[PDB]
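Note: the block below is input.pdb and it holds PDB, C-alpha atoms.
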```pdb
ATOM      1  CA  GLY L 383      10.329  -6.438  13.745
ATOM      2  CA  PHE L 384       9.995  -5.681  10.077
ATOM      3  CA  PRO L 385      12.726  -4.699   7.628
ATOM      4  CA  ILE L 386      11.872  -1.234   6.219
ATOM      5  CA  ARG L 387      13.297   1.011   3.514
ATOM      6  CA  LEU L 388      12.476   4.315   1.855
ATOM      7  CA  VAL L 389      12.385   4.380  -1.982
ATOM      8  CA  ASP L 390      12.163   7.064  -4.704
ATOM      9  CA  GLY L 391      12.951  10.057  -2.436
ATOM     10  CA  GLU L 392      15.394  12.863  -3.384
ATOM     11  CA  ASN L 393      17.669  11.672  -0.525
ATOM     12  CA  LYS L 394      17.855   8.697   1.875
ATOM     13  CA  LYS L 395      15.775  10.495   4.548
ATOM     14  CA  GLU L 396      12.521  10.485   2.546
ATOM     15  CA  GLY L 397      10.537   8.306   0.173
ATOM     16  CA  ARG L 398       7.757   5.690  -0.219
ATOM     17  CA  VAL L 399       7.746   3.221   2.752
ATOM     18  CA  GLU L 400       8.453  -0.383   1.811
ATOM     19  CA  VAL L 401       8.325  -3.235   4.276
ATOM     20  CA  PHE L 402       9.530  -6.822   3.936
ATOM     21  CA  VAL L 403       6.831  -9.362   4.924
ATOM     22  CA  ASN L 404       6.082 -12.906   3.735
ATOM     23  CA  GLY L 405       9.217 -13.082   1.568
ATOM     24  CA  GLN L 406       8.507  -9.877  -0.426
ATOM     25  CA  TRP L 407       8.985  -6.139  -0.369
ATOM     26  CA  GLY L 408       5.620  -4.310  -0.432
ATOM     27  CA  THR L 409       3.938  -1.047   0.444
ATOM     28  CA  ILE L 410       1.658   0.453   3.059
ATOM     29  CA  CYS L 411      -1.765   2.017   2.305
ATOM     30  CA  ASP L 412      -2.118   5.711   3.318
ATOM     31  CA  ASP L 413      -5.609   5.213   4.826
ATOM     32  CA  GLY L 414      -5.260   6.728   8.284
ATOM     33  CA  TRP L 415      -1.533   7.494   7.661
ATOM     34  CA  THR L 416      -0.419  10.646   9.567
ATOM     35  CA  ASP L 417       2.675  12.322  11.130
ATOM     36  CA  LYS L 418       2.488   9.793  14.054
ATOM     37  CA  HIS L 419       3.124   6.992  11.529
ATOM     38  CA  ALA L 420       5.925   8.970   9.982
ATOM     39  CA  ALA L 421       7.512   9.502  13.434
ATOM     40  CA  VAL L 422       7.532   5.770  14.003
ATOM     41  CA  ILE L 423       9.052   4.875  10.619
ATOM     42  CA  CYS L 424      11.673   7.575  10.954
ATOM     43  CA  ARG L 425      12.471   6.484  14.567
ATOM     44  CA  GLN L 426      12.978   2.884  13.468
ATOM     45  CA  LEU L 427      15.328   4.103  10.696
ATOM     46  CA  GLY L 428      17.415   5.912  13.325
ATOM     47  CA  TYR L 429      16.310   9.512  12.727
ATOM     48  CA  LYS L 430      15.521  11.654  15.790
ATOM     49  CA  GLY L 431      14.038  14.896  14.370
ATOM     50  CA  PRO L 432      10.504  15.958  13.299
ATOM     51  CA  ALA L 433       8.887  13.616  10.640
ATOM     52  CA  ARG L 434       6.072  14.334   8.180
ATOM     53  CA  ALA L 435       3.747  11.927   6.336
ATOM     54  CA  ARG L 436       3.411  12.037   2.554
ATOM     55  CA  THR L 437       0.301  10.293   1.142
ATOM     56  CA  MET L 438      -1.221   9.278  -2.181
ATOM     57  CA  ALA L 439       1.974   7.845  -3.748
ATOM     58  CA  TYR L 440       3.757  11.200  -3.375
ATOM     59  CA  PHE L 441       7.093   9.763  -4.374
ATOM     60  CA  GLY L 442       5.630   7.366  -6.914
ATOM     61  CA  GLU L 443       3.667   4.173  -6.804
ATOM     62  CA  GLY L 444       5.188   0.947  -5.554
ATOM     63  CA  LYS L 445       4.567  -2.467  -7.105
ATOM     64  CA  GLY L 446       3.829  -5.907  -5.663
ATOM     65  CA  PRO L 447       1.896  -6.497  -2.409
ATOM     66  CA  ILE L 448       0.278  -3.885  -0.249
ATOM     67  CA  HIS L 449       1.251  -5.440   3.058
ATOM     68  CA  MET L 450      -0.603  -3.210   5.523
ATOM     69  CA  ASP L 451      -3.944  -1.378   5.110
ATOM     70  CA  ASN L 452      -4.703   0.381   8.393
ATOM     71  CA  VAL L 453      -1.919   0.813  10.886
ATOM     72  CA  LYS L 454      -2.768   2.523  14.240
ATOM     73  CA  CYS L 455       0.270   4.267  15.833
ATOM     74  CA  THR L 456       0.344   6.526  18.938
ATOM     75  CA  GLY L 457       3.496   8.152  17.425
ATOM     76  CA  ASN L 458       5.690   7.043  20.311
ATOM     77  CA  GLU L 459       6.586   3.495  19.079
ATOM     78  CA  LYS L 460      10.252   2.645  18.448
ATOM     79  CA  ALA L 461       9.300   0.315  15.564
ATOM     80  CA  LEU L 462       6.498  -0.241  13.068
ATOM     81  CA  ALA L 463       6.014  -3.783  14.518
ATOM     82  CA  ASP L 464       4.828  -2.235  17.829
ATOM     83  CA  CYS L 465       2.006  -0.314  16.099
ATOM     84  CA  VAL L 466      -1.358  -2.174  16.060
ATOM     85  CA  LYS L 467      -3.232  -3.441  12.958
ATOM     86  CA  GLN L 468      -6.934  -2.533  12.484
ATOM     87  CA  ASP L 469      -9.829  -4.221  10.622
ATOM     88  CA  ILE L 470     -11.282  -0.804   9.602
ATOM     89  CA  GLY L 471     -12.282  -1.442   5.947
ATOM     90  CA  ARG L 472     -12.887  -4.134   3.250
ATOM     91  CA  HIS L 473      -9.276  -3.475   2.063
ATOM     92  CA  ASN L 474      -9.754  -1.954  -1.413
ATOM     93  CA  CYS L 475      -6.306  -0.199  -1.385
ATOM     94  CA  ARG L 476      -4.349   0.494  -4.648
ATOM     95  CA  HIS L 477      -0.713   1.561  -5.199
ATOM     96  CA  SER L 478      -1.991   5.086  -5.949
ATOM     97  CA  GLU L 479      -2.514   5.319  -2.101
ATOM     98  CA  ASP L 480       1.012   4.164  -1.121
ATOM     99  CA  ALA L 481       2.326   5.902   2.016
ATOM    100  CA  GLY L 482       5.560   7.804   2.428
ATOM    101  CA  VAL L 483       7.564   9.912   4.857
ATOM    102  CA  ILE L 484      10.057  12.714   5.264
ATOM    103  CA  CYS L 485      12.403  12.177   8.210
ATOM    104  CA  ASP L 486      14.284  15.022   9.940
ATOM    105  CA  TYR L 487      11.944  17.447   8.175
ATOM    106  CA  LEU L 488      13.480  20.987   8.004
ATOM    107  CA  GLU L 489      11.324  24.152   7.451
TER     108      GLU L 489
END
```
Could you show the structure in this file as structure tokens?
Amino acid sequence: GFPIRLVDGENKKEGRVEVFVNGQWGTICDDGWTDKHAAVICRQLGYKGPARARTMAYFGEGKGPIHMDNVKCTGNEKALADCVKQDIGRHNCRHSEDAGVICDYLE
């Protein structure tokens, strides 16, 4: 699987998604990023409750590589690694489109 962390949230249950790939921490593009993706990230982090996506660098932009461009998740996966990659685009993503989550979303 992939190491994952949430950064720049108000608490440890939310923030911009960073993933560790090819020796570096980097971000995930929000193209196609929905609540199903958020469920999977939050599940991998050990949270069990409802999750919600946050798009367009909601918590702030990341820096360094954008590791993944178009992740396809059913929403049921236990880990980001089990989602499937897609060649749906020429990959023009910028850090202004960095994806995020809120885990155990309340109200």
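Take CA of residue 481 (chain L) and CA of residue 385 (chain L): the distance between them is 15.9 Å.
Counting from CA of residue 448 (chain L), the distance to CA of residue 395 (chain L) is 21.7 Å.
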How would you write, as number ranges by chain, the residues chosen by the PyMOL selection byres ((chain L and resi 390) around 10) on this structure?
L: 388-389, 391-394, 396-399, 440-444, 482
Selection to disk with C-alpha atoms, as a PDB file, in the frame of the given file:
```
ATOM      1  CA  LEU L 388      12.476   4.315   1.855  1.00  0.00           C
ATOM      2  CA  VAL L 389      12.385   4.380  -1.982  1.00  0.00           C
ATOM      3  CA  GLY L 391      12.951  10.057  -2.436  1.00  0.00           C
ATOM      4  CA  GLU L 392      15.394  12.863  -3.384  1.00  0.00           C
ATOM      5  CA  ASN L 393      17.669  11.672  -0.525  1.00  0.00           C
ATOM      6  CA  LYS L 394      17.855   8.697   1.875  1.00  0.00           C
ATOM      7  CA  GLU L 396      12.521  10.485   2.546  1.00  0.00           C
ATOM      8  CA  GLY L 397      10.537   8.306   0.173  1.00  0.00           C
ATOM      9  CA  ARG L 398       7.757   5.690  -0.219  1.00  0.00           C
ATOM     10  CA  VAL L 399       7.746   3.221   2.752  1.00  0.00           C
ATOM     11  CA  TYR L 440       3.757  11.200  -3.375  1.00  0.00           C
ATOM     12  CA  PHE L 441       7.093   9.763  -4.374  1.00  0.00           C
ATOM     13  CA  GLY L 442       5.630   7.366  -6.914  1.00  0.00           C
ATOM     14  CA  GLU L 443       3.667   4.173  -6.804  1.00  0.00           C
ATOM     15  CA  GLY L 444       5.188   0.947  -5.554  1.00  0.00           C
ATOM     16  CA  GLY L 482       5.560   7.804   2.428  1.00  0.00           C
TER      17      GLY L 482
END
```
CA of residue 414 (chain L) to CA of residue 474 (chain L), distance in Å rounded to a single decimal
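One can read the CA of residue 414 (chain L) to CA of residue 474 (chain L) distance as 13.8 Å.
With only C-alpha atoms as the basis for measurement, L:419 is the residue among L:476, L:387, L:445, L:419 that approaches residue 459 (chain L) most closely.
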Any idea what's packed within 8 Å of residue 402 (chain L), counting all atoms listed in the file, ignoring anything in its chain fewer than 4 positions away? Could you give it as a PyMOL selection string?
chain L and resi 384-386+406-408
Run the PyMOL selection byres ((chain L and resi 429) around 12) against the file shown and list the residues it catches, as number ranges by chain.
L: 394-396, 420-428, 430-433, 460-461, 483-487
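Closest approach to residue 472 (chain L) among L:451, L:457, L:404, L:417: L:451, based on all atoms listed in the file.
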